[PDB]
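K.L.:
Please see the structure below; I have some questions.
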Amino acid sequence: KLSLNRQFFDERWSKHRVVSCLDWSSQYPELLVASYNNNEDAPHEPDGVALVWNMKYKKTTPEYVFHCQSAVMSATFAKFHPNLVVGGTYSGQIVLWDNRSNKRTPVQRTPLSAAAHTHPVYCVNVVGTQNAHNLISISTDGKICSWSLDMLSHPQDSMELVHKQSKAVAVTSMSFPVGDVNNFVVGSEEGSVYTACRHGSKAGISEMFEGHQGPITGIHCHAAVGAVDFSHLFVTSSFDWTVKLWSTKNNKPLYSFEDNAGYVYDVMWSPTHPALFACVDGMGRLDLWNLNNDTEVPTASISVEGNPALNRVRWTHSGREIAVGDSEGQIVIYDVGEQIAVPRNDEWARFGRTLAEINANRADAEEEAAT
Amino acid sequence: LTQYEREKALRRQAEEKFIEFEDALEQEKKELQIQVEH
Amino acid sequence: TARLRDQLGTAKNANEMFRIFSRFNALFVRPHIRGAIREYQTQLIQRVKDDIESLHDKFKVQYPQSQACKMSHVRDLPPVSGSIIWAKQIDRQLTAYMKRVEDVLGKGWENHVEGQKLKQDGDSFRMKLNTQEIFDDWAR
């Protein structure tokens, strides 16, 4: 079941700000980084705020406070650097915070030149191994640059993403398959979901998916790995009141989730349960969809008090407590029940049978309608 | 020197995207024309 | 890479590790080799920073209070030329340490996380190590 676990809110910083990104550290599963946008009511305060909360301690104050000159739109932890917080801002800078410094001002930032990002950056990620990794960032002009975590002055690999007739895909969010560095997916704001490859003979957008009728607000690949591989699976969120489930082979949406009667903002797969993901809306209702249980109603639903616009939702690496932000900075930590979170030993096979049945009924849905 | 060189290069990038867009969408409007003619 | 990861099993002191890092410098243009060596670079930067601070404390005393002025005067060096010599050898050691950090961090070391402060402090120290004004005052 859905029950409250922890409430996070800071009076001095997170007042009248909207949560913009959420992430848990891979090395420290109790640490959650929280991006914030600009508060127009307080022009003299810093525009971008990047607070870090702690789950283990019972205190209400943020553990770490960082702020930037411009508004922070996307901020993640560094995967292989435990002391760093990487953020992307409204102006296109990629700020690199640090904890051992005595300043909340970022210790490293990218230049605002044509060799780096200039339009707003809404997604950053760290992919690679311990001995070899890079920072990947895509802005809203479609430019993608590969940074190293030290050389923050100029990128190593830079390329411009085009799909047809050299038009600019306006990328809003980006996902990566697990264990994959080269191939990945993106979601434009023109409604079109694309997959892509980073480096090789073919670099850029590979395929195309039409699907949605509104801008893609969030997209995540499948995360749980078991007996049956599901690395070719991803889901999308869009402004057109639907969550659509996809795969890298079929060029059509495998399913549509029109059950919400409002806007829909994020969705991301469970890292443990292979058939579970959570989505939010504009009225604060947090929904969970277990595909092995039912493919037409949310498996569990809760709403936060006051009904604000829930912007971002993030699962922990344990898959048990999930985090969600809103328009007031009122970060709520929701712990799901173990009856929904923990999967059975045959849950991968049950999900494979569910996917086969969904594919069969969807492929059978349109031929008898046409004929 | 380098500003002129960069500007010449970005004029060239305007001058083949024109050609690719032109013959692609001309072939598509021609197939549309013959399918509406029959 | 495995042929280069036996560095701690071979080098017991930072000077021979400096030497083998200088000898094998051209392999670090590859990004995988550059990413493979990260736990050595921090210690090497800290050792170079300690040497730079030690030379800063060497320059903390001045030439009249130094024992180098006495040892130059006992070896028939005039004091103006001895001061010029002393400042030039301090600058030469600074340039040698800048060469060392350029070797340790590879190319593009001036724009690095640790190389930025090192390069800025080296520039600001070399601004204070010039010997033109003392030569002009002696000439006057």
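We label chains A, B, ... in the order they appear in the structure tokens, count residues from 1 in each chain, and number ligands from 1 in the order shown.
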Mind dumping a table of every chain A residue within 12 Å of chain B, with the nearest atom pair and its distance in Å to one decimal, using only C-alpha atoms, sorted by chain and rising number, as a tab-separated table?
P.N.:
```
residue	atom	partner	partner_atom	distance
A:162	CA	B:17	CA	11.9
A:164	CA	B:21	CA	9.1
A:165	CA	B:21	CA	5.8
A:166	CA	B:17	CA	7.0
A:167	CA	B:17	CA	9.7
```
K.L.:
Output N, CA, C and O atoms for every residue in that selection, as a compact mmCIF listing (two decimals), in the first residue's frame.
P.N.:
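This is the output file selection_13.txt:
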```txt
# COMPACT_ATOMS: atom_id res chain seq x y z
N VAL A 162 20.13 15.44 -35.40
CA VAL A 162 19.14 15.72 -36.44
C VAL A 162 18.53 14.40 -36.86
O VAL A 162 19.17 13.34 -36.78
N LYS A 164 15.55 14.21 -39.72
CA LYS A 164 15.26 14.30 -41.14
C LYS A 164 15.48 15.73 -41.61
O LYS A 164 15.26 16.67 -40.85
N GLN A 165 15.96 15.86 -42.85
CA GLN A 165 16.30 17.10 -43.56
C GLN A 165 17.11 18.11 -42.74
O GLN A 165 17.10 19.31 -43.04
N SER A 166 17.90 17.60 -41.79
CA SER A 166 18.63 18.38 -40.78
C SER A 166 17.71 19.36 -40.05
O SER A 166 17.88 20.58 -40.11
N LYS A 167 16.71 18.81 -39.36
CA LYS A 167 15.87 19.58 -38.47
C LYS A 167 16.30 19.33 -37.03
O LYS A 167 16.86 18.28 -36.71
```
K.L.:
Write out as a ChimeraX atom specification each polymer residue whose atoms come within 12 Å of residue A:36, counting only C-alpha atoms; drop sequence neighbours fewer than 2 positions from it.
P.N.:
/A:9-10,13-22,33-34,38-39,46-52,65-68,70-75,87-90,311-312,325-331
K.L.:
Determine which residues of chain C sit within 6 Å of chain A, taking into account only C-alpha atoms, and present them as number ranges by chain.
P.N.:
C: 32, 35-36, 112-113
K.L.:
Take the residues just selected and output them with C-alpha atoms as a short mmCIF file (atom, residue, chain, number, x, y, z; two decimals), in the first residue's frame.
P.N.:
```cif
data_model
loop_
_atom_site.label_atom_id
_atom_site.label_comp_id
_atom_site.auth_asym_id
_atom_site.auth_seq_id
_atom_site.Cartn_x
_atom_site.Cartn_y
_atom_site.Cartn_z
CA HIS C 32 40.98 4.85 -21.52
CA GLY C 35 40.82 7.29 -17.08
CA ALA C 36 42.67 4.25 -15.74
CA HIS C 112 42.07 20.78 -15.13
CA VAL C 113 40.33 20.63 -11.76
#
```
K.L.:
To one decimal in Å, tell me the separation between atom CA of residue A:37 and atom CA of residue A:169.
P.N.:
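Answer for the atom CA of residue A:37 to atom CA of residue A:169 separation: 23.9 Å.
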K.L.:
Write out as JSON, numbers by chain all residues of stretch 189-354 of chain A that backbone DSSP assigns to strand (DSSP E).
P.N.:
{"A": [193, 194, 195, 196, 197, 204, 205, 206, 207, 208, 209, 216, 217, 218, 219, 220, 221, 233, 234, 235, 236, 237, 238, 243, 244, 245, 246, 247, 255, 256, 257, 264, 265, 266, 267, 268, 269, 276, 277, 278, 279, 280, 281, 285, 286, 287, 288, 289, 290, 300, 301, 302, 303, 313, 314, 315, 321, 322, 323, 324, 331, 332, 333, 334, 335, 336]}
K.L.:
Excluding residue A:79 and its own-chain neighbours fewer than 3 positions away, which residues fall within 10 Å of it when counting only C-alpha atoms? Please give them as a ChimeraX atom specification.
P.N.:
/A:25-27,76,82-86,125-130,133-135
K.L.:
Write to file, as an mmCIF file, in the first residue's frame, the residues of the selection just made, with N, CA, C and O atoms.
P.N.:
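Now in again16.cif:
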```
data_model
loop_
_atom_site.group_PDB
_atom_site.id
_atom_site.type_symbol
_atom_site.label_atom_id
_atom_site.label_comp_id
_atom_site.auth_asym_id
_atom_site.auth_seq_id
_atom_site.Cartn_x
_atom_site.Cartn_y
_atom_site.Cartn_z
ATOM 1 N N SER A 25 21.822 8.859 -4.740
ATOM 2 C CA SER A 25 23.195 8.488 -5.044
ATOM 3 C C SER A 25 23.339 6.976 -5.114
ATOM 4 O O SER A 25 22.707 6.239 -4.354
ATOM 5 N N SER A 26 24.167 6.517 -6.053
ATOM 6 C CA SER A 26 24.398 5.086 -6.198
ATOM 7 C C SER A 26 25.210 4.536 -5.034
ATOM 8 O O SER A 26 24.918 3.447 -4.528
ATOM 9 N N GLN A 27 26.231 5.269 -4.594
ATOM 10 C CA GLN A 27 27.030 4.816 -3.461
ATOM 11 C C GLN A 27 26.308 5.036 -2.141
ATOM 12 O O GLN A 27 26.436 4.226 -1.216
ATOM 13 N N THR A 76 22.075 15.836 -10.977
ATOM 14 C CA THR A 76 22.245 14.462 -10.535
ATOM 15 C C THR A 76 23.509 14.333 -9.700
ATOM 16 O O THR A 76 24.367 15.214 -9.683
ATOM 17 N N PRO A 82 32.277 10.350 -5.583
ATOM 18 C CA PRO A 82 31.337 10.457 -4.459
ATOM 19 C C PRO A 82 31.196 11.858 -3.904
ATOM 20 O O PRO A 82 30.227 12.124 -3.185
ATOM 21 N N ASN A 83 32.115 12.759 -4.216
ATOM 22 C CA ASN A 83 32.141 14.072 -3.596
ATOM 23 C C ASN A 83 31.502 15.158 -4.446
ATOM 24 O O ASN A 83 31.499 16.321 -4.033
ATOM 25 N N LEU A 84 30.955 14.820 -5.607
ATOM 26 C CA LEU A 84 30.546 15.822 -6.575
ATOM 27 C C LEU A 84 29.053 15.750 -6.839
ATOM 28 O O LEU A 84 28.444 14.682 -6.777
ATOM 29 N N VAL A 85 28.469 16.908 -7.126
ATOM 30 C CA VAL A 85 27.089 17.017 -7.575
ATOM 31 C C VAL A 85 27.100 17.774 -8.891
ATOM 32 O O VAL A 85 27.498 18.943 -8.936
ATOM 33 N N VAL A 86 26.660 17.116 -9.956
ATOM 34 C CA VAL A 86 26.649 17.695 -11.292
ATOM 35 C C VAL A 86 25.269 18.258 -11.561
ATOM 36 O O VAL A 86 24.267 17.554 -11.406
ATOM 37 N N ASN A 125 23.605 13.071 -17.282
ATOM 38 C CA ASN A 125 23.783 11.714 -16.787
ATOM 39 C C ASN A 125 25.257 11.359 -16.805
ATOM 40 O O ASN A 125 26.031 11.906 -17.593
ATOM 41 N N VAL A 126 25.626 10.416 -15.947
ATOM 42 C CA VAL A 126 26.968 9.858 -15.909
ATOM 43 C C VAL A 126 26.864 8.394 -16.293
ATOM 44 O O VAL A 126 26.218 7.610 -15.588
ATOM 45 N N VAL A 127 27.493 8.021 -17.406
ATOM 46 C CA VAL A 127 27.492 6.641 -17.866
ATOM 47 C C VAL A 127 28.930 6.206 -18.084
ATOM 48 O O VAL A 127 29.831 7.022 -18.281
ATOM 49 N N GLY A 128 29.137 4.896 -18.040
ATOM 50 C CA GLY A 128 30.445 4.312 -18.209
ATOM 51 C C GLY A 128 30.769 3.401 -17.048
ATOM 52 O O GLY A 128 29.896 3.053 -16.244
ATOM 53 N N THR A 129 32.035 3.005 -16.968
ATOM 54 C CA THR A 129 32.544 2.148 -15.910
ATOM 55 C C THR A 129 33.368 2.983 -14.933
ATOM 56 O O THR A 129 33.486 4.204 -15.079
ATOM 57 N N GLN A 130 33.916 2.317 -13.914
ATOM 58 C CA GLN A 130 34.795 2.986 -12.959
ATOM 59 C C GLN A 130 36.054 3.509 -13.635
ATOM 60 O O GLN A 130 36.450 4.661 -13.429
ATOM 61 N N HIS A 133 34.478 6.527 -17.840
ATOM 62 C CA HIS A 133 33.135 7.074 -17.815
ATOM 63 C C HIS A 133 33.173 8.498 -18.334
ATOM 64 O O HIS A 133 34.223 9.142 -18.366
ATOM 65 N N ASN A 134 32.010 8.979 -18.753
ATOM 66 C CA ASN A 134 31.862 10.340 -19.231
ATOM 67 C C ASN A 134 30.555 10.904 -18.712
ATOM 68 O O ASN A 134 29.690 10.179 -18.217
ATOM 69 N N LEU A 135 30.420 12.217 -18.821
ATOM 70 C CA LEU A 135 29.190 12.909 -18.482
ATOM 71 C C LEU A 135 28.469 13.266 -19.770
ATOM 72 O O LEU A 135 29.062 13.869 -20.668
#
```
K.L.:
List as a PDB file with N, CA and C atoms, in the first residue's frame the protein and nucleic acid residues near stretch 86-101 of chain C, meaning an atom at most 8 Å away when only C-alpha atoms are counted, but skip any in the same chain fewer than 5 places from it.
P.N.:
```pdb
ATOM      1  N   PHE C  18      57.510   9.395 -10.432  1.00  0.00           N
ATOM      2  CA  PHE C  18      57.612  10.564 -11.297  1.00  0.00           C
ATOM      3  C   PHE C  18      58.378  10.245 -12.569  1.00  0.00           C
ATOM      4  N   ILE C  45      49.618  15.241  -7.310  1.00  0.00           N
ATOM      5  CA  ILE C  45      49.267  16.652  -7.187  1.00  0.00           C
ATOM      6  C   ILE C  45      49.503  17.148  -5.770  1.00  0.00           C
ATOM      7  N   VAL C  48      53.261  17.592  -5.328  1.00  0.00           N
ATOM      8  CA  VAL C  48      53.734  18.779  -6.033  1.00  0.00           C
ATOM      9  C   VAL C  48      53.301  20.045  -5.307  1.00  0.00           C
ATOM     10  N   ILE C  52      55.639  22.967  -3.833  1.00  0.00           N
ATOM     11  CA  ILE C  52      55.423  24.367  -4.183  1.00  0.00           C
ATOM     12  C   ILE C  52      55.289  25.213  -2.925  1.00  0.00           C
ATOM     13  N   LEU C  55      58.749  25.593  -1.400  1.00  0.00           N
ATOM     14  CA  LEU C  55      59.520  26.624  -2.076  1.00  0.00           C
ATOM     15  C   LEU C  55      58.963  28.015  -1.788  1.00  0.00           C
ATOM     16  N   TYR C  63      66.602  37.312   0.574  1.00  0.00           N
ATOM     17  CA  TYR C  63      68.019  37.092   0.306  1.00  0.00           C
ATOM     18  C   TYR C  63      68.976  37.645   1.362  1.00  0.00           C
ATOM     19  N   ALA C  68      72.164  31.777   1.919  1.00  0.00           N
ATOM     20  CA  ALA C  68      72.700  31.776   0.568  1.00  0.00           C
ATOM     21  C   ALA C  68      73.499  33.034   0.275  1.00  0.00           C
ATOM     22  N   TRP C 109      46.633  20.458 -19.048  1.00  0.00           N
ATOM     23  CA  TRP C 109      46.698  20.464 -17.594  1.00  0.00           C
ATOM     24  C   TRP C 109      46.283  21.796 -16.993  1.00  0.00           C
ATOM     25  N   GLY C 115      44.742  21.514 -11.882  1.00  0.00           N
ATOM     26  CA  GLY C 115      45.756  22.273 -12.581  1.00  0.00           C
ATOM     27  C   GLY C 115      45.460  23.747 -12.714  1.00  0.00           C
ATOM     28  N   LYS C 119      48.327  26.409 -12.015  1.00  0.00           N
ATOM     29  CA  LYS C 119      48.780  27.288 -13.086  1.00  0.00           C
ATOM     30  C   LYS C 119      48.606  28.754 -12.712  1.00  0.00           C
ATOM     31  N   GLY C 122      51.273  29.547 -10.148  1.00  0.00           N
ATOM     32  CA  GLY C 122      52.565  29.605 -10.809  1.00  0.00           C
ATOM     33  C   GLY C 122      52.757  30.880 -11.604  1.00  0.00           C
ATOM     34  N   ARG C 126      55.508  33.677 -10.720  1.00  0.00           N
ATOM     35  CA  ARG C 126      56.491  34.102 -11.705  1.00  0.00           C
ATOM     36  C   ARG C 126      56.406  35.590 -11.991  1.00  0.00           C
ATOM     37  N   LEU C 129      58.732  36.963  -9.392  1.00  0.00           N
ATOM     38  CA  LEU C 129      60.091  36.444  -9.418  1.00  0.00           C
ATOM     39  C   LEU C 129      60.959  37.085 -10.487  1.00  0.00           C
ATOM     40  N   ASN C 130      60.471  38.115 -11.168  1.00  0.00           N
ATOM     41  CA  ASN C 130      61.284  38.757 -12.187  1.00  0.00           C
ATOM     42  C   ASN C 130      62.378  39.591 -11.535  1.00  0.00           C
ATOM     43  N   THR C 131      63.440  39.839 -12.296  1.00  0.00           N
ATOM     44  CA  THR C 131      64.629  40.500 -11.776  1.00  0.00           C
ATOM     45  C   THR C 131      64.978  41.757 -12.561  1.00  0.00           C
TER      46      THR C 131
END
```
K.L.:
May I have the residues within 8 Å of residue A:319 as a PyMOL selection string, using only C-alpha atoms and disregarding those fewer than 5 positions away in the same chain?
P.N.:
chain A and resi 270-273+341
K.L.:
Go ahead and dump the residues you just picked, C-alpha atoms, as a compact mmCIF listing (two decimals), in the first residue's frame.
P.N.:
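Resulting contents of selection-v1.txt:
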```txt
# COMPACT_ATOMS: atom_id res chain seq x y z
CA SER A 270 10.96 0.08 -10.81
CA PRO A 271 14.61 -0.94 -10.43
CA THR A 272 13.55 -4.19 -8.72
CA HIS A 273 10.02 -5.12 -9.78
CA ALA A 341 7.37 -3.97 -4.32
```
K.L.:
Compile the contact shell of residue A:338 as number ranges by chain: residues with an atom at most 12 Å away, counting only C-alpha atoms, same-chain residues fewer than 6 positions apart removed.
P.N.:
A: 1-3, 272-273, 318-321, 344
K.L.:
Please, could you write that set of residues out with N, CA and C atoms as a PDB file, in the first residue's frame?
P.N.:
```
ATOM      1  N   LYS A   1       0.831  -1.195   0.000  1.00  0.00           N
ATOM      2  CA  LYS A   1       0.000   0.000   0.000  1.00  0.00           C
ATOM      3  C   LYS A   1       0.867   1.247   0.000  1.00  0.00           C
ATOM      4  N   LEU A   2       0.243   2.395  -0.234  1.00  0.00           N
ATOM      5  CA  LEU A   2       0.935   3.672  -0.317  1.00  0.00           C
ATOM      6  C   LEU A   2       0.771   4.405   1.005  1.00  0.00           C
ATOM      7  N   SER A   3       1.887   4.670   1.676  1.00  0.00           N
ATOM      8  CA  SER A   3       1.870   5.345   2.962  1.00  0.00           C
ATOM      9  C   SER A   3       3.016   6.340   3.025  1.00  0.00           C
ATOM     10  N   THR A 272      13.632  -2.818  -9.203  1.00  0.00           N
ATOM     11  CA  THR A 272      13.553  -4.190  -8.717  1.00  0.00           C
ATOM     12  C   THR A 272      12.391  -4.961  -9.320  1.00  0.00           C
ATOM     13  N   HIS A 273      11.177  -4.439  -9.216  1.00  0.00           N
ATOM     14  CA  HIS A 273      10.021  -5.124  -9.775  1.00  0.00           C
ATOM     15  C   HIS A 273      10.000  -4.941 -11.284  1.00  0.00           C
ATOM     16  N   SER A 318      16.726   0.595  -3.717  1.00  0.00           N
ATOM     17  CA  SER A 318      16.112  -0.572  -3.102  1.00  0.00           C
ATOM     18  C   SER A 318      14.728  -0.858  -3.656  1.00  0.00           C
ATOM     19  N   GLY A 319      14.110   0.113  -4.318  1.00  0.00           N
ATOM     20  CA  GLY A 319      12.781  -0.064  -4.852  1.00  0.00           C
ATOM     21  C   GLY A 319      11.674  -0.079  -3.827  1.00  0.00           C
ATOM     22  N   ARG A 320      11.934   0.357  -2.597  1.00  0.00           N
ATOM     23  CA  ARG A 320      10.914   0.290  -1.563  1.00  0.00           C
ATOM     24  C   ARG A 320      10.306   1.649  -1.235  1.00  0.00           C
ATOM     25  N   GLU A 321      11.115   2.670  -0.957  1.00  0.00           N
ATOM     26  CA  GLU A 321      10.582   4.014  -0.763  1.00  0.00           C
ATOM     27  C   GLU A 321      10.770   4.782  -2.059  1.00  0.00           C
ATOM     28  N   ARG A 344       7.771 -11.991  -7.079  1.00  0.00           N
ATOM     29  CA  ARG A 344       7.942 -13.428  -6.960  1.00  0.00           C
ATOM     30  C   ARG A 344       9.057 -13.906  -7.887  1.00  0.00           C
TER      31      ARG A 344
END
```
K.L.:
Using only C-alpha atoms, which of the listed residues (A:201, A:252, A:352, A:147) sits closest to residue C:31?
P.N.:
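Among the listed residues, the smallest separation from residue C:31 belongs to A:147.
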K.L.:
Would you mind listing what lies within 12 Å of residue C:64 as a count of residues only, with only C-alpha atoms counted and same-chain residues fewer than 3 positions away left out?
P.N.:
15
